[PDB]
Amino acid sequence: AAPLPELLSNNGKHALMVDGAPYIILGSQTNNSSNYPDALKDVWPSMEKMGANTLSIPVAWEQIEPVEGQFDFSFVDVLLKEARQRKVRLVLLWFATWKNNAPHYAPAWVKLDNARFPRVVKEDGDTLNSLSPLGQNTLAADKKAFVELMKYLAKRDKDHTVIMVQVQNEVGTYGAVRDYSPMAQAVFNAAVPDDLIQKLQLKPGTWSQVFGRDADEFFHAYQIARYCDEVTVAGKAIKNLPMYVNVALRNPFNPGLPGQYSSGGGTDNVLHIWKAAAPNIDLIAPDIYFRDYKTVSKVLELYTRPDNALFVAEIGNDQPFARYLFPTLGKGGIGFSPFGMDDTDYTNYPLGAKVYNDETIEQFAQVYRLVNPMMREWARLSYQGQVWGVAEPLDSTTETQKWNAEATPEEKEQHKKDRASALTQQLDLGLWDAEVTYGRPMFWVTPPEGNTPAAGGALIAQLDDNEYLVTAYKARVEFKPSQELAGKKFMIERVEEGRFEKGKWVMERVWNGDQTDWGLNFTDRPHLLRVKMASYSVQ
């Protein structure tokens, strides 16, 4: 019997174990209305073209329990069989009490019965279409259906085609910070639970007393976290798969107010509340639709924690997003799942690609082709060792920035110098450093000008003190000594291009001469290198 998938966390590192070894989700995620047998023919070709190893796809409460007590797993049966035929794995997305803050995917007998399953009430007494996490009947009903889905996987998915489940989808509330219903006010205007007071090491009191100006938001996050933890515990008691929640992000630099962003989700200001309230939820995953490097880089920093494995549970499917695979994996990320990878005639532009076509898919296939050939080796190095990864750090030049034209000719040479500097990244690899640059020839040392559009990146894993696994894309990687060498010289000892067969390295060729004189130059094609550096005495 195949071992259960498990999220391992050790010495601040994390692995998603699948079939007893670390695994990387090189994902594809459907649009929101592809969770039906007839839609699957519009999902698989994209997944094949992408080279994805894992499909993220919804399972909706409305579809599995359309009449109370009358369960229907017909979709899950077809999805399992067709995934198995393609030798891919699944992440099921439980669309239930919350889907983007709302109950649209709850059955009609739930979402149309507000007295049994109550909505968030604003301070002014107006109601929002967002179920209250203090609704005890709604918690019992969600938990009961979730348990029936997990019983379906316990009985029908013994080899764990499904490796992980997302509990709810982008929880929270737009339009208000919390529930201000009478039922919610009786809990708010009362003692904070001792367990939270103890975990945050705070002094006992009421929500307002203990949290002050943050009481309303922290209250909603705590109550939603508890609700999602209870659904999670109930499901894991049936089959103990990894389970996670996906966050409708607030802007980490300039968030605005809770309710403008989805209040109560796992936003960066309430990760402490979520971790204290929901010990059974494996990780809190960001849904990334910010296109600019600085903001995305900040999200990856905030969500990668000693207590939080990094899973990019959604990302935009426009071209600029593909290169974020590199920093995601460099952070020890367990996966990456671009959203909207199907041909069901929908695009979420402006969040994603304006057009969905083979070119849209190819931007992701090209970076997946760097990782797929080493996926198990990379996953093990990421968990047990030292890895790094970078993306091209300037976004594509805007029409408003092309401003460049109105610049004097000295402002221009200075711009070119400034861009070359910004397109040059340093990595400290112990005894050796790497310098990664973007958008230059494969010969000579003309400064980097960037790729058009921005697209490059690099992955490095340490194999030994002087040996690295390297693959990169539309970039140059150069090695150098990390520390002054006291009389010694240094060189590349050997660069081998090759592959892993049955976990053994197979060399195909040695890079040397022009291929190593000017750093290690990558285009759009996949090359996996083993780089051995040496210092040597000359005296």
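One-based numbering along the sequence shown.
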property	result
Third-or-more of other entries without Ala407	yes
Between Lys417 and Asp418 - deposited residues without coordinates, as a size class	none
Between 408 to 416 and 365 to 373 (mean CA B-factor, as deposited), the higher	408 to 416
Mean temperature factor over C-alpha atoms, higher-scoring stretch between 201 to 209 and 283 to 291	201 to 209
Most elevated Cα B-factor in the entry, residues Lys488, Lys41, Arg509, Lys474	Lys488
Among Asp318, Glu392, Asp268, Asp214 - the residue whose C-alpha B-factor is largest in the record	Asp214
Among modelled residues of the same chain, the CA temperature factor third for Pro107	lowest
CA B-factor ranking of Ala21, expressed as a third of its chain	middle
Chain thirds of CA B-factor: placement of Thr328	lowest
Assigned third (lowest, middle, highest) for the C-alpha B factor of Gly439	middle
Ranked against its chain, the third holding the CA B-factor of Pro193	highest
